[PDB]
Structure formats: structure tokens, C-alpha cells
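Participant: Protein sequences appear in the order of chains A and B. Count the first sequence with PDB author numbering and you get residues 1 to 74, in order. Count the second sequence with PDB author numbering and you get residues 1 to 74, in order. The beta carbon of each residue, even a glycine, is placed where N, CA and C say it ideally should be.
2 protein chains.
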Amino acid sequence: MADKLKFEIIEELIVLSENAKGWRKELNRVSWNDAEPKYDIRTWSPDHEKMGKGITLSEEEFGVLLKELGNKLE
Amino acid sequence: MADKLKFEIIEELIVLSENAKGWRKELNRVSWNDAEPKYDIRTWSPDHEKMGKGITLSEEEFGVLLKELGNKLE
DNA sequence: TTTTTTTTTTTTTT
């Protein structure tokens, strides 16, 4: 929506890689407008010049999600 | 975009819960237009009457993502 | 080869 949305990287979680479009797929915990810190997984430009839209994962989600996912690899 | 997008549930992976909006947060592998089967995490209506937008996770992503995330809870 | 959102969306043949 806005040209530059306010944010801040609280903690880097997982980094996957770039795609054919250069989409840097990563999962990091950032603060929404430098207020609420939460986990959000998105992909950005290869040159890190811009960002895109993905999905936000709350503690409730990440908790149950990781619990099951981690156990799925068992 | 469309009123009803074509799809098919190949395999259910993880089910989180509903939210204050009734958003049923789940992660299941479905076939895009009943063609390409891929993992996609989204939230639907409480009464499962409609669906919404989320994010699609490819094998490359889910693979590295799971590996790291699973190890993160170790 | 999307141009990111301070928690009641109406889903897309990579």
C-alpha cells in the first residue's frame, strides 16, 4: 500500500534462497511499524531493493505449527 | 479473483485453530486448479463457507524450512 | 518475473 512501510528486524529465523525472479524467501521476526514484534514469512527482491507480500505467523500459529512440523520430520 | 477457484485436497498437513474472526488457520497440500499439487498455508471462514489468501510453499521452501524449523525446536 | 501489513481477506494450473 504505502511506498515504505515502517518495520524493524527483531530476530532472523530462517533463510531459504532466491528464486527465478530473485525472490529472497525468508522467515524473520519483525516489528509491525516498529510496534508489535511477530513472525512473518515473505520474499523480497534479489538486490534487496524492495519487498513483497506474504503471510504473518502469530505465536499461537508458529507454536503449534513448529511442534507438529518438527515432529513430522521425526 | 474468481468466485470459486478450482482445487483439490491432496494431503492435510497441519491444522492450527480459528481466530477472533473465525479464520481457520491450516496448512494443507492441494492441487492448484486440480493440476499441480503443492503446499499452501491459508485461513478460511469459521463455517468453511469461503476461503482467503495466504502463501504457497514449494518443495524447495518447505524442505529447507522444515529442516531448520524442526532443528530450531531441538 | 508481488513491490511488505502497529493481530473482522473472500484462495492462486510456480
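DSSP on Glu60(A), reduced to helix/strand/coil?
Facilitator: helix
Participant: List the residues of chain B whose Cβ lies closer than 8 Å to the Cβ of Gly54(A), in chain order.
Facilitator: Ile55
Participant: Chain B partners of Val64(A), CB-CB under 8 Å?
Facilitator: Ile14, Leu16 and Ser17
Participant: What is the rounded straight-line gap between the Cα of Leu69(A) and the Cα of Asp47(A)?
Facilitator: 31 Å
Participant: According to DSSP, is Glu68(B) helix, strand or coil?
Facilitator: helix
Participant: Looking at chain B, is there any beta carbon in it that lies within less than 7 Å of the beta carbon of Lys25(A)?
Facilitator: yes
Participant: In terms of alpha-carbon separation, which member of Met51(A), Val64(A) and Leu65(A) lies closest to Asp3(A)?
Facilitator: A check of alpha carbon separations from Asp3(A) across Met51(A), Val64(A) and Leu65(A) identifies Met51(A) as the nearest.
Participant: Note down the Cα distance separating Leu57(A) from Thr43(B), rounded to an integer number of angstroms.
Facilitator: 11 Å
Participant: Please classify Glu74(A): is it buried, with 16 or more other beta-carbons within 10 angstroms of its beta-carbon, or exposed?
Facilitator: exposed
Participant: Closer than 8 Å by C-beta to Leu65(A): which residues in its own chain qualify, once you throw out the five before and the five after it? Chain order, please.
Facilitator: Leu57
Participant: What does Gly22(A) touch in chain B if you count any residue whose Cβ is under 9 Å from its own?
Facilitator: Here the premise fails: no neighbours, minimum Cβ distance about 14 Å.
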